[PDB]
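K.L.:
For the numbering used here, add 2 to where a residue sits in the sequence shown, where the first one is 1. Backbone N, C-alpha and C define an ideal beta-carbon position, used for all residues, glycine too. The structure is given below, and queries will be raised subsequently.
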Amino acid sequence: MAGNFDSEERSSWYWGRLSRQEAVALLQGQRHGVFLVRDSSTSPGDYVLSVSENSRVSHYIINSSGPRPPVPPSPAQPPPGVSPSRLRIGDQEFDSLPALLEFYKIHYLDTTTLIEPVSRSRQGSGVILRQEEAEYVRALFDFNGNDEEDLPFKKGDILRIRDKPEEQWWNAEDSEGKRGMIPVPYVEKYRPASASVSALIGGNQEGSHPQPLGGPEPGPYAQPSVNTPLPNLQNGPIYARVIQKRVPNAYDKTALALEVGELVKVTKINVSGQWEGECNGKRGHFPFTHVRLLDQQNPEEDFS
């Protein structure tokens, strides 16, 4: 708004252009599980992934681009990007960054058990200081880690939410006073009562139902990867009306009938592009080439 404006920075995991030691030093002797994404790779956009474990960090190579990465096609080179997106790493290939980091939601990762974005370190210029809240959560496992920025969780201990710095880790305080972040797929979501009330805000000049633009506030209305093993939901994927009509084959059975108009959510995302969605309460797998996929696509992304 003022003479400064912004974009992301204080959004979630992404890290800044780590010179060279930052991305390695900051991820070195870190927690038993940690990963980070710095900007220093080929293509139009930077894609890398360093993971800690025991002996130095493990930087991984990743590929990506602006075009839509729903399913792996056979194109040549995107107009804006440098070449076909598609992700890479350890003889692997996903489609989206958030889709990649979303590996611990199912079962461990390349190295260690359930990793997460590293603290800040590497000498940061920005410090968090927000007073956001929501309903509180309880720890379902013992406490233990390495990074001071995060907050170890002690079984049966109740933690109050204060902000969402990651897609798999929210910020909460411990019964000792210490502040930090707790895991999403390790605690139990608890809903007391004083969570969905807000102030008021009100309106001024309305008439019709607006579109889901901007993005809802973090909380019960929209929480990070809590039930999504693959599909992302940092602020809310594309939810409106199918862009193209794609019906199921006659020889099909448990297939989904997709038609431009209705609204479908991405329920269950496979590796080779074929994902399943919810349309008219029906759950089935459609080509998905007639719908606007989800992952890491933002209008004002400014990736390139």
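Helix, strand or coil for residue 295, going by three-state DSSP, please let me know.
P.N.:
Coil.
K.L.:
Tell me which residues share the same chain as residue 247 and place their Cβ nearer than 8 Å to its Cβ, disregarding the 5 neighbours each side in the sequence.
P.N.:
Once the five neighbours on either side are set aside, the close Cβ partners of residue 247 are 260, 261, 262, 263, 292.
K.L.:
Mind checking residue 241: buried by the 16 CB within 10 Å criterion, or exposed?
P.N.:
The residue in question, residue 241, is exposed, as its Cβ has fewer than 16 Cβ neighbours within 10 Å.
K.L.:
Across which residues does DSSP place residue 163 in a beta bridge pair?
P.N.:
Paired residue(s): 174.
K.L.:
Three Cβ pairs or more, each shorter than 8 Å: is that satisfied between the stretch 185–192 and the stretch 64–72?
P.N.:
No: the two stretches stay apart, fewer than three of their Cβ pairs being nearer than 8 Å.
K.L.:
Exposed or buried, residue 253, counting other C-beta atoms within 10 Å across all chains shown (16 or more means buried)?
P.N.:
Exposed.
K.L.:
Around the C-beta of residue 152, are 16 or more other C-beta atoms found within 10 angstroms, so that it is buried, or is it exposed?
P.N.:
Burial call: buried.
K.L.:
If I measure Cβ to Cβ from residue 113 and keep anything under 7 Å in the same chain, skipping five residues before and after, which residues do I get?
P.N.:
Around residue 113: 53, 55, 60.
K.L.:
Going by C-alpha distance, which of 299, 300, 250 is nearest residue 281?
P.N.:
Residue 281 has its Cα closest to that of 250, out of 299, 300, 250.
K.L.:
Using a Cβ distance threshold of 8 Å, determine whether the stretch 110–126 contacts the stretch 149–168, with at least three qualifying pairs required.
P.N.:
As far as the Cβ criterion goes, the stretch 110–126 touches the stretch 149–168, which means the pair count is three or higher.
K.L.:
Buried or exposed: which applies to residue 93, given that a residue is buried once 16 or more other Cβ atoms fall within 10 Å of its Cβ?
P.N.:
When all chains shown are included, residue 93 counts as exposed.
K.L.:
Determine, using beta-carbon pairs with one atom in the stretch 265–283 and one in the stretch 212–221, whether at least three such pairs fall under 8 Å.
P.N.:
Touching, no, given that fewer than three Cβ pairs across the two stretches are closer than 8 Å.
K.L.:
Between residue 218 and residue 136, which are expected to be in contact by the criterion C-beta below 8 Å, what is the C-beta distance as a whole number of angstroms?
P.N.:
With a Cβ gap of about 12 Å, residue 218 and residue 136 do not count as contacting.
K.L.:
Should residue 195 be labelled buried (16 or more other beta-carbon atoms within 10 Å of its own) or exposed?
P.N.:
When all chains shown are included, residue 195 counts as exposed.
K.L.:
Starting from residue 100, trace the alpha helix (DSSP H) both ways and give me its first and last residue.
P.N.:
First-last of the alpha helix (DSSP H) with residue 100: 99–103.
K.L.:
Can you grab the Cα-Cα spacing for the pair residue 154 / residue 107, in whole Å?
P.N.:
Roughly 18 Å separates the two Cα atoms.
K.L.:
Between residue 19 and chain D, is any beta-carbon pair separated by less than 8 Å?
P.N.:
The structure shown contains no chain D, having only a single protein chain.
K.L.:
Judging by CA-CA distance, which residue of 75, 37, 26, 14 is the nearest neighbour of residue 274?
P.N.:
Among 75, 37, 26, 14, the Cα nearest to that of residue 274 belongs to 75.
K.L.:
In or out: residue 6 buried (at least 16 other Cβ within 10 Å) or exposed?
P.N.:
It is exposed - the Cβ of residue 6 has fewer than 16 other Cβ atoms within 10 Å.
K.L.:
Who pairs with residue 194 in a beta bridge, going by DSSP?
P.N.:
According to DSSP, residue 194 bridges with nothing at all.
K.L.:
Exposed or buried, what is residue 78 when buried is set at 16 or more other beta-carbons lying within 10 Å of its beta-carbon?
P.N.:
Its Cβ having fewer than 16 others within 10 Å, residue 78 is exposed.
K.L.:
In angstroms with no decimal places, state the Cα-to-Cα distance between residue 204 and residue 142.
P.N.:
Rounded to the nearest angstrom, the two C-alpha atoms are 39 Å apart.
K.L.:
Is residue 70 closer than 8 Å to residue 258 when the C-beta atoms are compared?
P.N.:
Contact: no.
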